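Below you will find one chain, with nothing else, as structure tokens; this is the form solved without the DNA, and questions on how it binds or moves follow later.
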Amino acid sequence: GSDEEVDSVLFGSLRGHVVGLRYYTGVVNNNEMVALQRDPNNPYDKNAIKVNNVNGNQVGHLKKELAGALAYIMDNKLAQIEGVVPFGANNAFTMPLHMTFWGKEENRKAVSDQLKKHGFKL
């Protein structure tokens, strides 16, 4: 129930290098929050996360490579991953946006494993 979010802890943040060319599909401005949603079978791969915003408008494709890590966290429910564009500089060229992992303390090594796999922060 509501006891679950008490148990859900902040493991850390991630540097979500979302592709800038995806600005055309409707990226959002500075200080806007974005959600992460992977596809059953995307043209990139089944691991490919489409980044959407608070309104649920698909702002763009994250990266197949970065999503390969986070798709195991997403599907196997290791942690709920938020996203935020603080400067919205994906419209300018590209940028890593503020992502964060909120999940139970028993999954900490499984969440961080996916990050370690590509050489991200743990």
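Note that residue numbering follows the sequence shown and begins at 1.
Only in words, not in the display: the form deposited with the DNA bound, which the text now covers.
Contact check for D45, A48 and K63: all three have a heavy atom within 4.5 Å of the DNA in the bound PDB entry.
Taking the partner from the other structure, the DNA in the bound PDB entry has a heavy atom within 4.5 Å of a heavy atom of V19. The closest heavy atom approach of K109 to the DNA in the bound PDB entry falls outside 4.5 Å.
Although the partner is absent here, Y23 is a contact residue: one of its heavy atoms lies within 4.5 angstroms of the DNA in the bound PDB entry.
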